[PDB]
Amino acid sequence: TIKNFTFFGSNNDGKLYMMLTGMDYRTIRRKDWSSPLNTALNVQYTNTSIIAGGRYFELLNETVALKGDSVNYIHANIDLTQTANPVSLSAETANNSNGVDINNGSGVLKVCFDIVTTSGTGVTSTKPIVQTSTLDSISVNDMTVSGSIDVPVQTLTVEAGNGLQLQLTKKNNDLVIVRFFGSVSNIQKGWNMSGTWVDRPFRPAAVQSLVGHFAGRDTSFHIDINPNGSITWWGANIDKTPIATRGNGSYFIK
């Protein structure tokens, strides 16, 4: 059975709860207080709470019939005009989440919350749909991440002059790894390189010395990336013959 609570103003409560937890109409809050049971081509939610569109309901021994040999996307369907039974579940061949705003308008909200894969006769795997918190600015003491943090990534290629090539990758507008390529020739120690300066978003607050290596040799150089974006050669003097330059150097922008 489906027990409905945030229903019949309920929409003002719905919006209130949505804003508190940071959810839009394309996600859910979900908790299996008890394990869902699979017998034959069925999923029985024994005790599962769901919040969808800010509306709280409970799935208490609620069984969904599954189609065999397929990926079943389990949906919660909220139709507020259906006074007695506003919430129903369905098993579908695709994620058909529709993001319909049931708190400000009319229509039926569909949200996928479970993915259940079957064989010919039973369930072989289940995967919950991600519960998304959409927040603005967070202040926190400690954080632990079990998967991954995704931060902004910018990339820039600089033809620094004299044949030298920098490939810069910046993450979190702060950490930069520089990869050296190309070949150096016709330059002296302390000379500014004759080509393109580093773009503003990659310029460090303080001068950075990045060490590189001459391919196939036991010799070394470094360049200085200056705050103004210019690059200063600080290897030895190089004559007319180009020498291949390689290596990773890293620096903080801030």
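In this text, residue numbers run from 1 along the sequence as written.
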Between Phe8 and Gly9, the number of deposited residues left without coordinates comes to 4 to 9
Looking only at C-alpha temperature factors in the entry, 187 to 195 or 65 to 73, the higher average sits in 187 to 195
For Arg200, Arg55, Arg30, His222, the deposited C-alpha B-factor is largest at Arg200
Here the Cα B-factor of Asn12, set against its chain, lands in the third termed highest
So, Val158's CA B-factor, relative to its chain, sits in which third? The middle
Sorting the chain's modelled residues by C-alpha B-factor and splitting them into thirds places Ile115 in the middle
Of the three thirds of Cα B-factor ranks in this chain, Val87 occupies the middle
On the chain's distribution of Cα B-factors, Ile129 falls within the third called highest
